[PDB]
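Enquirer: Have a look at the structure that comes next, please.
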Amino acid sequence: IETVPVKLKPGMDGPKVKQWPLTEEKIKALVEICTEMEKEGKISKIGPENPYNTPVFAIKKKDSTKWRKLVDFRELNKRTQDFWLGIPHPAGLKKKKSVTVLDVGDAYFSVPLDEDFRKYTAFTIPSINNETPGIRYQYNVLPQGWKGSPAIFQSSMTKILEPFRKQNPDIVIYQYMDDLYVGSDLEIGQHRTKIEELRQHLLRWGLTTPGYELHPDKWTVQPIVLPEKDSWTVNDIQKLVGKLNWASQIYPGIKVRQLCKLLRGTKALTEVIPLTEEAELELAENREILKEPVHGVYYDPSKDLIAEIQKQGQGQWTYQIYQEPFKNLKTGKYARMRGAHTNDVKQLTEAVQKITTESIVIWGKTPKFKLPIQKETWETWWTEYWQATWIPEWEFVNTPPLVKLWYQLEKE
Amino acid sequence: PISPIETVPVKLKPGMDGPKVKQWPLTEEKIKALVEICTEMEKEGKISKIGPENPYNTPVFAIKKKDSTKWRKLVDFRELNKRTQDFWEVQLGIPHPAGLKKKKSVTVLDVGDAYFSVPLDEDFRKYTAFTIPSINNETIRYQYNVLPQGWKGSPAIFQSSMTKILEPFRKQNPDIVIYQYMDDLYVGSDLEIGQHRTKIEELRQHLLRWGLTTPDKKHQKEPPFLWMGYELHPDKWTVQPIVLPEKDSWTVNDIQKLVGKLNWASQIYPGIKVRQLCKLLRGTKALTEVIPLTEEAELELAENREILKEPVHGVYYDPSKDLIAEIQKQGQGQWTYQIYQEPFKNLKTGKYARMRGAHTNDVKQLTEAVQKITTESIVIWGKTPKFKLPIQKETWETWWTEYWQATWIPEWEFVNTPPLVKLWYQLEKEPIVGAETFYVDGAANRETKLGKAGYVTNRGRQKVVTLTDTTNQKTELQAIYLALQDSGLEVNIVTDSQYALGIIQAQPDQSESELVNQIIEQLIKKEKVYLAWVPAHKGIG
Ligand SMILES: CCOc1ccnc(CCNC(=S)Nc2ccc(Cl)cn2)c1F
């Protein structure tokens, strides 16, 4: 084909990001992948006159023993001119019964990339113990993991699918990056056939597009459940009050006076205290309030979407999606997957992935993550467990002790 | 000696132009010097010499190679370089000894004057001009057609060119390892001498076929080789033992420097100390000052000297064997580790001396060494070692299964090599029945450093001290401090300090604050401690 002219947002310059050291295993894999890719003319070695650079690594896909090449164009994307021609987010898959994701990265190689922009797609395969200088390349086609790629391929995509979009206007399909989400209310029976069907429809043109299901009709948010014991001690009451007092940020209707009174004196924590009828009423009201999510929560797309995560221990993890503190749009829990019997990083990673995945579905938009972990630890191993063509934005933090004890009290 | 390789395209930074500096006058003995010599340059193969066109004057003074007394031309592109684009990382890092493998023979060809064998970008040569004013008026100008000393892109490009040029030979010979650094060419192999020697010449000839003249086997370099302070052999590497000078008069800068070279060594010879020399610097007035020398100061220097005596024998990396990484705690926050495959056959060794913050604990620190080591390894061996750590599995398991932050350790194994890292304490998960209950509380007037901090128990015990010169948190923590003091082996402590909660919570066992450190001591000293937090004013008291 041809190639439409692309540019960086004015004033900006190509990323000059440092390559992190990769393990041998990965290094060889990539080298193998890139030579083949070079032969096909999808990429070309470059000289030093090219000062730009982006990170790359390899990750094996789920249910695959084949190494997949992955690049971090986050910076580049940040800098490439927004295209405005964008992608329309539906709202159906949000409500659909079942969804499946298709990896259509291959489609992107077919089409070539503007020559004056190729330079910016430069990347470097490192050498162990810096024995040799790096093997540098740059793309000739439309690379995977770039925001422009789905964009410049958008049109071709439409027609490619139309024959299915027309033949089945009862099924939804959303494209985001190298991804493709398709949801149908049809049972996993007549479903898989239609997906594997659509699958073929694509393989038709030529772009190899191969548990694996989703269910958006089971997640949205959950309530904060208050304890409920037979006899309450001073400590019990204390803790309880601490939580509420904090919850009063999400629900101003929450009262904590009656309770707090009983806590007047200098009694032992183990001391058992009988509840005031007035106190029992108060609590009843709070229980009532907390039953449902706070009012007045609208998703504004003009502003970024945020995602916090609290490690709760026992493989447990909690999260909240929000664009403004205390006005979460969704909140949830995640229980580790049998395998990370002793690995925190593995879990976190997985988690991060679901959450992003969901965002896409709901609002087709990746959230910025506030990860309770050291930058050091995260960058050392996140790659070793990652499995997604995209890479969300992130920052590391110190889990404020309150917020955790709080959401810890989520509908179990 | 001009090479037939396609020059690489070099552009000046966009929105900028070639230099314009002036040539500063020179003696008459330096003039006739650069004169009678530059005439050779063009005679060689690089058509250098121009006129009124391309007015990009560049300074050209002359300094003799003191040990020959014969002026060999020289230039300064400081400006040009400024106005030249950027290339890519020229040596993101140097190969560390512990990552090389052993070889039967290693040679290095001094391909010195190679920069001048490579063709410069023609459309760029332009931006290179001279000016050799004779003596009087007349108000003798050259340029470049080949990479020059001093130019920003000379090395960058050269390396690459070299890279290309070697690609074939490298394939026809995958049993010969070459390494390019600067203007040198390291070559190793496991061939029988005679074979090596011939491939070497084969290669030596191959380069020359490209215009790259090189030295004959009669004038080359031979092992052992001088590396990163490492003495290298094809079978082993050794630490070039360096001994500290015996000084009569010790100056500030002297210690500063001595203490530096000292710290470097500590990695290799763990046992080196400098705490007592780090103290001769306190209050230092000027760099040239002459400080005494405490006896504790000489006992160190003298004791350090003993150590830095017997050198270090080390072995290279065997891809065949698995990597073992073992660590030990030199003290609080100071760790020593060593990597090896065959016990005692140390590949690499080290020491990390982590500082302290508002909260840290040996376990967490241990963790940080591991991550560092790991990374270090990946970089050198592309693999991560199996670890031998001085912590008990139960200890680890109970810790990380409670920490608020995400943490992990690769496959590791316990090693009872005391002192073992352990948890100095653990807060109770619930109130201790049959224990006093202190309701600590502290207040201080922010502006006027002064407040009070006290407590009151369920056993009706009370106390409050006035504090002159303090802040909010110092008091809070202090309240807590107090509670702990006069309390007993089992204590419950309610407090509303938001900050304090976290601190203590996270079982920190070392801090910047002496106050916090106070608390820790106490906390350790107790049998069982429950700590509870309650909302601010109004209500609980
Ligand atoms: C003086 C070391 O110079 C070199 C530095 C980096 N790389 C090479 C080539 C690789 N050689 C290898 S794997 N082993 C190796 C062992 C001992 C010595 Cl003395 C030199 N090289 C070098 F020869």
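Each chain in the structure tokens gets a letter, A, B and so on, in the order shown; residues start at 1 in every chain, and ligands are counted from 1 in the order they appear.
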Within 8 Å of ligand 1, which residues of chain B come that close, and what is the closest atom pair and distance in Å for each? Count only C-alpha atoms and all ligand atoms and give it as JSON lines.

Expert:
```
{"residue": "B:94", "atom": "CA", "partner": "ligand 1", "partner_atom_place_in_ligand_line": "6 (C)", "distance": 7.9}
{"residue": "B:95", "atom": "CA", "partner": "ligand 1", "partner_atom_place_in_ligand_line": "6 (C)", "distance": 5.7}
{"residue": "B:96", "atom": "CA", "partner": "ligand 1", "partner_atom_place_in_ligand_line": "6 (C)", "distance": 7.7}
{"residue": "B:97", "atom": "CA", "partner": "ligand 1", "partner_atom_place_in_ligand_line": "5 (C)", "distance": 7.6}
{"residue": "B:99", "atom": "CA", "partner": "ligand 1", "partner_atom_place_in_ligand_line": "13 (S)", "distance": 7.5}
{"residue": "B:100", "atom": "CA", "partner": "ligand 1", "partner_atom_place_in_ligand_line": "13 (S)", "distance": 4.0}
{"residue": "B:101", "atom": "CA", "partner": "ligand 1", "partner_atom_place_in_ligand_line": "13 (S)", "distance": 4.1}
{"residue": "B:102", "atom": "CA", "partner": "ligand 1", "partner_atom_place_in_ligand_line": "16 (C)", "distance": 4.5}
{"residue": "B:103", "atom": "CA", "partner": "ligand 1", "partner_atom_place_in_ligand_line": "16 (C)", "distance": 5.3}
{"residue": "B:105", "atom": "CA", "partner": "ligand 1", "partner_atom_place_in_ligand_line": "18 (C)", "distance": 7.9}
{"residue": "B:106", "atom": "CA", "partner": "ligand 1", "partner_atom_place_in_ligand_line": "20 (C)", "distance": 5.6}
{"residue": "B:107", "atom": "CA", "partner": "ligand 1", "partner_atom_place_in_ligand_line": "23 (F)", "distance": 7.0}
{"residue": "B:108", "atom": "CA", "partner": "ligand 1", "partner_atom_place_in_ligand_line": "23 (F)", "distance": 7.1}
{"residue": "B:177", "atom": "CA", "partner": "ligand 1", "partner_atom_place_in_ligand_line": "9 (C)", "distance": 5.3}
{"residue": "B:178", "atom": "CA", "partner": "ligand 1", "partner_atom_place_in_ligand_line": "9 (C)", "distance": 5.3}
{"residue": "B:179", "atom": "CA", "partner": "ligand 1", "partner_atom_place_in_ligand_line": "8 (C)", "distance": 4.9}
{"residue": "B:180", "atom": "CA", "partner": "ligand 1", "partner_atom_place_in_ligand_line": "7 (N)", "distance": 7.9}
{"residue": "B:185", "atom": "CA", "partner": "ligand 1", "partner_atom_place_in_ligand_line": "23 (F)", "distance": 7.7}
{"residue": "B:186", "atom": "CA", "partner": "ligand 1", "partner_atom_place_in_ligand_line": "23 (F)", "distance": 4.1}
{"residue": "B:187", "atom": "CA", "partner": "ligand 1", "partner_atom_place_in_ligand_line": "23 (F)", "distance": 5.2}
{"residue": "B:188", "atom": "CA", "partner": "ligand 1", "partner_atom_place_in_ligand_line": "11 (N)", "distance": 5.3}
{"residue": "B:189", "atom": "CA", "partner": "ligand 1", "partner_atom_place_in_ligand_line": "11 (N)", "distance": 7.5}
{"residue": "B:223", "atom": "CA", "partner": "ligand 1", "partner_atom_place_in_ligand_line": "19 (Cl)", "distance": 6.2}
{"residue": "B:224", "atom": "CA", "partner": "ligand 1", "partner_atom_place_in_ligand_line": "19 (Cl)", "distance": 6.3}
{"residue": "B:225", "atom": "CA", "partner": "ligand 1", "partner_atom_place_in_ligand_line": "1 (C)", "distance": 4.8}
{"residue": "B:226", "atom": "CA", "partner": "ligand 1", "partner_atom_place_in_ligand_line": "1 (C)", "distance": 6.3}
{"residue": "B:227", "atom": "CA", "partner": "ligand 1", "partner_atom_place_in_ligand_line": "1 (C)", "distance": 5.8}
{"residue": "B:232", "atom": "CA", "partner": "ligand 1", "partner_atom_place_in_ligand_line": "19 (Cl)", "distance": 4.5}
{"residue": "B:233", "atom": "CA", "partner": "ligand 1", "partner_atom_place_in_ligand_line": "19 (Cl)", "distance": 4.2}
{"residue": "B:234", "atom": "CA", "partner": "ligand 1", "partner_atom_place_in_ligand_line": "17 (C)", "distance": 3.9}
{"residue": "B:235", "atom": "CA", "partner": "ligand 1", "partner_atom_place_in_ligand_line": "17 (C)", "distance": 6.3}
{"residue": "B:236", "atom": "CA", "partner": "ligand 1", "partner_atom_place_in_ligand_line": "17 (C)", "distance": 6.8}
{"residue": "B:237", "atom": "CA", "partner": "ligand 1", "partner_atom_place_in_ligand_line": "19 (Cl)", "distance": 7.3}
{"residue": "B:316", "atom": "CA", "partner": "ligand 1", "partner_atom_place_in_ligand_line": "16 (C)", "distance": 7.0}
```

Enquirer: Could you write those residues out with N, CA and C atoms, as an mmCIF file, in the first residue's frame?

Expert:
```
data_model
loop_
_atom_site.group_PDB
_atom_site.id
_atom_site.type_symbol
_atom_site.label_atom_id
_atom_site.label_comp_id
_atom_site.auth_asym_id
_atom_site.auth_seq_id
_atom_site.Cartn_x
_atom_site.Cartn_y
_atom_site.Cartn_z
ATOM 1 N N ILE B 94 31.251 -0.869 30.677
ATOM 2 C CA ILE B 94 32.358 -1.764 30.392
ATOM 3 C C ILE B 94 32.138 -3.149 30.975
ATOM 4 N N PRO B 95 32.581 -4.176 30.251
ATOM 5 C CA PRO B 95 32.455 -5.571 30.676
ATOM 6 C C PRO B 95 33.242 -5.821 31.954
ATOM 7 N N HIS B 96 32.596 -6.386 32.965
ATOM 8 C CA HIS B 96 33.276 -6.673 34.230
ATOM 9 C C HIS B 96 33.951 -8.043 34.134
ATOM 10 N N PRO B 97 35.147 -8.195 34.730
ATOM 11 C CA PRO B 97 35.899 -9.459 34.712
ATOM 12 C C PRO B 97 35.092 -10.729 35.015
ATOM 13 N N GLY B 99 32.429 -11.719 34.324
ATOM 14 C CA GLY B 99 31.511 -12.141 33.273
ATOM 15 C C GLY B 99 32.195 -12.716 32.039
ATOM 16 N N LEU B 100 33.520 -12.582 31.970
ATOM 17 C CA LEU B 100 34.290 -13.128 30.858
ATOM 18 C C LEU B 100 34.523 -14.592 31.211
ATOM 19 N N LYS B 101 34.867 -15.384 30.208
ATOM 20 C CA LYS B 101 35.123 -16.808 30.401
ATOM 21 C C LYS B 101 36.620 -16.998 30.250
ATOM 22 N N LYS B 102 37.149 -18.165 30.609
ATOM 23 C CA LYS B 102 38.588 -18.356 30.462
ATOM 24 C C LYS B 102 38.933 -18.725 29.028
ATOM 25 N N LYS B 103 40.112 -18.306 28.574
ATOM 26 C CA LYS B 103 40.554 -18.585 27.208
ATOM 27 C C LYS B 103 41.978 -19.125 27.150
ATOM 28 N N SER B 105 44.158 -18.242 24.688
ATOM 29 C CA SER B 105 45.000 -17.152 24.222
ATOM 30 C C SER B 105 44.231 -15.856 23.947
ATOM 31 N N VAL B 106 44.773 -14.745 24.435
ATOM 32 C CA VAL B 106 44.149 -13.445 24.236
ATOM 33 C C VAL B 106 45.176 -12.457 23.705
ATOM 34 N N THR B 107 44.783 -11.695 22.700
ATOM 35 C CA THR B 107 45.671 -10.718 22.106
ATOM 36 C C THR B 107 44.895 -9.447 21.868
ATOM 37 N N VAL B 108 45.604 -8.336 21.799
ATOM 38 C CA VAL B 108 44.952 -7.072 21.540
ATOM 39 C C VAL B 108 45.761 -6.305 20.522
ATOM 40 N N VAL B 177 36.648 -14.668 19.908
ATOM 41 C CA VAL B 177 35.956 -13.530 20.490
ATOM 42 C C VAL B 177 36.765 -12.250 20.359
ATOM 43 N N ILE B 178 36.134 -11.239 19.777
ATOM 44 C CA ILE B 178 36.764 -9.948 19.599
ATOM 45 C C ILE B 178 36.046 -8.964 20.512
ATOM 46 N N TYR B 179 36.750 -7.919 20.926
ATOM 47 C CA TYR B 179 36.151 -6.912 21.783
ATOM 48 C C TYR B 179 36.748 -5.562 21.447
ATOM 49 N N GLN B 180 35.893 -4.617 21.080
ATOM 50 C CA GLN B 180 36.376 -3.296 20.717
ATOM 51 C C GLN B 180 36.156 -2.305 21.823
ATOM 52 N N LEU B 185 41.775 -3.627 20.259
ATOM 53 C CA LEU B 185 40.989 -4.747 19.769
ATOM 54 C C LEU B 185 41.324 -6.043 20.471
ATOM 55 N N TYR B 186 40.601 -6.339 21.533
ATOM 56 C CA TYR B 186 40.856 -7.558 22.271
ATOM 57 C C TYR B 186 40.335 -8.804 21.569
ATOM 58 N N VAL B 187 41.206 -9.804 21.462
ATOM 59 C CA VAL B 187 40.867 -11.057 20.804
ATOM 60 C C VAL B 187 41.288 -12.307 21.580
ATOM 61 N N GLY B 188 40.319 -13.157 21.890
ATOM 62 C CA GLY B 188 40.629 -14.369 22.621
ATOM 63 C C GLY B 188 40.171 -15.602 21.867
ATOM 64 N N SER B 189 40.481 -16.773 22.418
ATOM 65 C CA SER B 189 40.096 -18.029 21.794
ATOM 66 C C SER B 189 40.647 -19.204 22.569
ATOM 67 N N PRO B 223 49.388 -10.510 27.799
ATOM 68 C CA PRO B 223 48.883 -10.733 29.158
ATOM 69 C C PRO B 223 50.025 -10.808 30.151
ATOM 70 N N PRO B 224 49.754 -10.544 31.436
ATOM 71 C CA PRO B 224 48.456 -10.198 32.025
ATOM 72 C C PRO B 224 47.969 -8.831 31.541
ATOM 73 N N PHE B 225 46.654 -8.622 31.567
ATOM 74 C CA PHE B 225 46.086 -7.357 31.119
ATOM 75 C C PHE B 225 45.480 -6.514 32.236
ATOM 76 N N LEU B 226 45.736 -5.209 32.141
ATOM 77 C CA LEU B 226 45.278 -4.187 33.088
ATOM 78 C C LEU B 226 43.826 -3.809 32.850
ATOM 79 N N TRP B 227 42.941 -4.166 33.767
ATOM 80 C CA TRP B 227 41.552 -3.816 33.536
ATOM 81 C C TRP B 227 41.046 -2.870 34.590
ATOM 82 N N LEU B 232 44.424 -9.244 34.657
ATOM 83 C CA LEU B 232 43.852 -10.352 33.926
ATOM 84 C C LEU B 232 44.785 -11.369 33.287
ATOM 85 N N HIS B 233 44.394 -12.632 33.400
ATOM 86 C CA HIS B 233 45.115 -13.749 32.808
ATOM 87 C C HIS B 233 44.056 -14.553 32.080
ATOM 88 N N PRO B 234 44.463 -15.350 31.081
ATOM 89 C CA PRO B 234 43.536 -16.177 30.296
ATOM 90 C C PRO B 234 42.905 -17.309 31.098
ATOM 91 N N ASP B 235 43.364 -17.475 32.332
ATOM 92 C CA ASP B 235 42.858 -18.524 33.205
ATOM 93 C C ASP B 235 42.362 -17.941 34.519
ATOM 94 N N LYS B 236 42.820 -16.738 34.832
ATOM 95 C CA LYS B 236 42.442 -16.128 36.089
ATOM 96 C C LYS B 236 42.624 -14.623 36.033
ATOM 97 N N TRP B 237 42.042 -13.942 37.014
ATOM 98 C CA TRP B 237 42.162 -12.494 37.167
ATOM 99 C C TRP B 237 42.597 -12.303 38.609
ATOM 100 N N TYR B 316 37.099 -16.945 36.184
ATOM 101 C CA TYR B 316 36.060 -16.481 35.269
ATOM 102 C C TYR B 316 34.767 -17.296 35.317
#
```

Enquirer: Quick one: residues within 12 Å of residue B:53, only C-alpha atoms, excluding same-chain residues fewer than 5 positions away - as a list in words?

Expert: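 Counting only the stated atoms, we get residues 126, 127, 128, 129, 141, 142 and 143 of chain B.
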
Enquirer: With only C-alpha atoms as the atoms that count, which of B:426, B:336, B:294, B:3 lies nearest to residue B:272?

Expert: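 Nearest candidate to residue B:272 out of B:426, B:336, B:294, B:3: B:336.
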
Enquirer: With only C-alpha atoms as the basis for distance, which of A:146, A:181, A:107, A:49 is at the shortest distance from residue A:119?

Expert: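 Closest residue, counting only C-alpha atoms: A:49.
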
Enquirer: May I have a table of the residues of chain A lying at most 6 Å from chain B, giving each one's closest pair of atoms and their distance in Å to one decimal, counting only C-alpha atoms, ordered by chain and ascending residue number, as a tab-separated table?

Expert:
```
residue	atom	partner	partner_atom	distance
A:21	CA	B:379	CA	5.7
A:23	CA	B:382	CA	4.2
A:24	CA	B:382	CA	4.5
A:48	CA	B:87	CA	5.1
A:49	CA	B:87	CA	5.2
A:51	CA	B:88	CA	4.7
A:128	CA	B:380	CA	5.9
A:129	CA	B:380	CA	4.1
A:130	CA	B:95	CA	5.2
A:131	CA	B:95	CA	5.9
A:242	CA	B:535	CA	5.5
A:260	CA	B:539	CA	4.9
A:263	CA	B:540	CA	5.5
A:264	CA	B:540	CA	5.7
A:266	CA	B:458	CA	5.5
A:267	CA	B:458	CA	5.3
A:268	CA	B:458	CA	5.5
A:270	CA	B:433	CA	5.9
A:311	CA	B:404	CA	5.9
A:313	CA	B:401	CA	5.8
A:343	CA	B:408	CA	5.9
A:344	CA	B:406	CA	5.6
A:372	CA	B:405	CA	5.2
A:373	CA	B:406	CA	4.9
```

Enquirer: Hey, what's within 12 Å of residue A:298 if we count only C-alpha atoms and toss same-chain stuff fewer than 6 positions away? As a VMD selection string, please?

Expert: chain A and resid 305 322 to 324 327 to 330 363

Enquirer: Keeping only N, CA and C atoms, write the selected residues to a file as a short mmCIF file (atom, residue, chain, number, x, y, z; two decimals), in the first residue's frame.

Expert:
```cif
data_model
loop_
_atom_site.label_atom_id
_atom_site.label_comp_id
_atom_site.auth_asym_id
_atom_site.auth_seq_id
_atom_site.Cartn_x
_atom_site.Cartn_y
_atom_site.Cartn_z
N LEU A 305 -8.19 8.54 34.31
CA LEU A 305 -8.81 7.55 35.17
C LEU A 305 -7.73 6.95 36.08
N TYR A 322 -11.08 5.54 40.15
CA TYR A 322 -11.66 6.84 40.41
C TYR A 322 -10.92 7.94 39.68
N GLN A 323 -11.60 9.06 39.49
CA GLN A 323 -11.00 10.21 38.84
C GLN A 323 -10.89 11.30 39.89
N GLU A 324 -11.51 11.06 41.04
CA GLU A 324 -11.47 12.01 42.14
C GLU A 324 -11.59 11.18 43.40
N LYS A 327 -14.64 9.14 45.41
CA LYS A 327 -15.79 9.03 44.52
C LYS A 327 -15.40 7.97 43.51
N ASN A 328 -15.18 6.75 43.99
CA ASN A 328 -14.80 5.65 43.12
C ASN A 328 -15.92 5.38 42.14
N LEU A 329 -15.57 4.87 40.97
CA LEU A 329 -16.55 4.54 39.93
C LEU A 329 -16.78 3.04 40.05
N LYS A 330 -15.75 2.36 40.52
CA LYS A 330 -15.79 0.92 40.72
C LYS A 330 -14.70 0.56 41.73
N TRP A 363 -14.77 1.69 29.99
CA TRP A 363 -14.56 2.98 29.34
C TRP A 363 -13.53 2.97 28.21
#
```

Enquirer: Write out as a list in words each polymer residue whose atoms come within 9 Å of stretch 391-393 of chain A, counting only C-alpha atoms; drop sequence neighbours fewer than 3 positions from it.

Expert: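 Here the answer would be residues 72, 73, 74, 145, 352, 353, 356, 366, 367, 368, 369 and 388 of chain A.
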
Enquirer: Using only N, CA, C and O atoms, please write the residues we just selected to a file, as an mmCIF file, in the first residue's frame.

Expert:
```
data_model
loop_
_atom_site.group_PDB
_atom_site.id
_atom_site.type_symbol
_atom_site.label_atom_id
_atom_site.label_comp_id
_atom_site.auth_asym_id
_atom_site.auth_seq_id
_atom_site.Cartn_x
_atom_site.Cartn_y
_atom_site.Cartn_z
ATOM 1 N N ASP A 72 7.997 -0.946 24.436
ATOM 2 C CA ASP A 72 7.358 0.038 25.280
ATOM 3 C C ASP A 72 7.300 1.405 24.615
ATOM 4 O O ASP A 72 8.117 2.288 24.890
ATOM 5 N N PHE A 73 6.319 1.591 23.748
ATOM 6 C CA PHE A 73 6.186 2.869 23.078
ATOM 7 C C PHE A 73 5.478 3.912 23.914
ATOM 8 O O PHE A 73 5.119 4.980 23.404
ATOM 9 N N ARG A 74 5.276 3.623 25.193
ATOM 10 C CA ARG A 74 4.571 4.570 26.034
ATOM 11 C C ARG A 74 5.036 5.990 25.789
ATOM 12 O O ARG A 74 4.230 6.876 25.508
ATOM 13 N N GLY A 145 1.927 -1.937 19.348
ATOM 14 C CA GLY A 145 2.072 -1.223 20.598
ATOM 15 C C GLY A 145 2.139 0.275 20.417
ATOM 16 O O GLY A 145 2.399 0.995 21.379
ATOM 17 N N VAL A 352 -2.970 -5.961 38.119
ATOM 18 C CA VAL A 352 -2.851 -4.792 37.276
ATOM 19 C C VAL A 352 -3.488 -5.036 35.943
ATOM 20 O O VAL A 352 -4.220 -4.191 35.430
ATOM 21 N N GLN A 353 -3.214 -6.207 35.389
ATOM 22 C CA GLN A 353 -3.746 -6.548 34.086
ATOM 23 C C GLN A 353 -5.274 -6.627 34.011
ATOM 24 O O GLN A 353 -5.882 -5.988 33.140
ATOM 25 N N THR A 356 -6.884 -3.166 34.238
ATOM 26 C CA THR A 356 -6.748 -2.381 33.021
ATOM 27 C C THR A 356 -7.750 -2.939 32.035
ATOM 28 O O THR A 356 -8.550 -2.210 31.444
ATOM 29 N N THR A 366 -7.125 3.024 29.389
ATOM 30 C CA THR A 366 -6.214 2.512 30.422
ATOM 31 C C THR A 366 -6.040 3.488 31.566
ATOM 32 O O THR A 366 -5.918 4.695 31.361
ATOM 33 N N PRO A 367 -6.025 2.975 32.795
ATOM 34 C CA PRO A 367 -5.856 3.836 33.964
ATOM 35 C C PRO A 367 -4.398 3.939 34.423
ATOM 36 O O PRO A 367 -3.570 3.083 34.112
ATOM 37 N N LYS A 368 -4.092 5.010 35.146
ATOM 38 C CA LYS A 368 -2.751 5.216 35.678
ATOM 39 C C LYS A 368 -2.758 4.501 37.029
ATOM 40 O O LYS A 368 -3.667 4.699 37.835
ATOM 41 N N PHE A 369 -1.752 3.667 37.271
ATOM 42 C CA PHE A 369 -1.694 2.914 38.515
ATOM 43 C C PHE A 369 -0.805 3.438 39.620
ATOM 44 O O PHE A 369 0.302 3.923 39.383
ATOM 45 N N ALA A 388 0.545 -8.668 28.007
ATOM 46 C CA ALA A 388 -0.411 -7.767 27.392
ATOM 47 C C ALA A 388 0.314 -6.879 26.403
ATOM 48 O O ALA A 388 1.389 -6.363 26.696
#
```

Enquirer: So that I can check the surroundings of residue B:286, please list as a PyMOL selection string every protein, DNA and RNA residue that reaches within 10 Å of it, counting only C-alpha atoms and ignoring chain neighbours fewer than 2 positions away.

Expert: chain B and resi 251-253+283-284+288-290

Enquirer: List every residue of stretch 51-271 of chain B that DSSP, applied to the backbone, labels as strand (DSSP E), and write the result as a PyMOL selection string.

Expert: chain B and resi 105-110+176-181+184-189+225-226+230-232+237-239

Enquirer: Which distance in Å separates atom CA of residue A:380 and atom CA of residue B:395, to one decimal?

Expert: 23.7 Å

Enquirer: Which residues come within 7 Å of residue A:122, counting only C-alpha atoms, excluding same-chain residues fewer than 6 positions away, as a list in words?

Expert: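 Everything that qualifies: residues 52, 53, 54, 136, 137 and 138 of chain A.
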
Enquirer: Excluding residue B:217 and its own-chain neighbours fewer than 3 positions away, which residues fall within 10 Å of it when counting only C-alpha atoms? Please give them as a PyMOL selection string.

Expert: chain B and resi 107+109+197+200-201+204+214+220-221

Enquirer: Would you export the selected residues with N, CA, C and O atoms as a short mmCIF file (atom, residue, chain, number, x, y, z; two decimals), in the first residue's frame, please?

Expert:
```
data_model
loop_
_atom_site.label_atom_id
_atom_site.label_comp_id
_atom_site.auth_asym_id
_atom_site.auth_seq_id
_atom_site.Cartn_x
_atom_site.Cartn_y
_atom_site.Cartn_z
N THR B 107 44.78 -11.70 22.70
CA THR B 107 45.67 -10.72 22.11
C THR B 107 44.90 -9.45 21.87
O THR B 107 43.68 -9.46 21.74
N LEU B 109 45.13 -5.94 19.42
CA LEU B 109 45.82 -5.19 18.39
C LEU B 109 45.60 -3.71 18.57
O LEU B 109 44.46 -3.23 18.62
N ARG B 197 47.56 -17.70 16.49
CA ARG B 197 48.50 -16.82 15.81
C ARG B 197 48.18 -16.60 14.34
O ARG B 197 48.33 -15.49 13.84
N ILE B 200 44.81 -14.68 13.84
CA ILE B 200 45.16 -13.32 14.23
C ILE B 200 45.72 -12.58 13.02
O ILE B 200 45.30 -11.46 12.72
N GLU B 201 46.68 -13.20 12.34
CA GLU B 201 47.28 -12.59 11.17
C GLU B 201 46.23 -12.57 10.08
O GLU B 201 46.10 -11.60 9.34
N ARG B 204 44.35 -9.76 11.00
CA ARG B 204 45.19 -8.59 10.89
C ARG B 204 45.22 -8.18 9.42
O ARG B 204 45.14 -6.99 9.09
N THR B 214 47.68 -2.29 10.91
CA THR B 214 47.78 -2.79 12.28
C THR B 214 49.20 -3.27 12.58
O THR B 214 49.98 -3.51 11.66
N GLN B 220 53.31 -6.15 19.63
CA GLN B 220 51.96 -6.20 20.20
C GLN B 220 51.95 -6.26 21.74
O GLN B 220 53.00 -6.25 22.39
N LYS B 221 50.75 -6.33 22.32
CA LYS B 221 50.59 -6.39 23.78
C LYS B 221 50.31 -7.81 24.26
O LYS B 221 49.62 -8.58 23.58
#
```
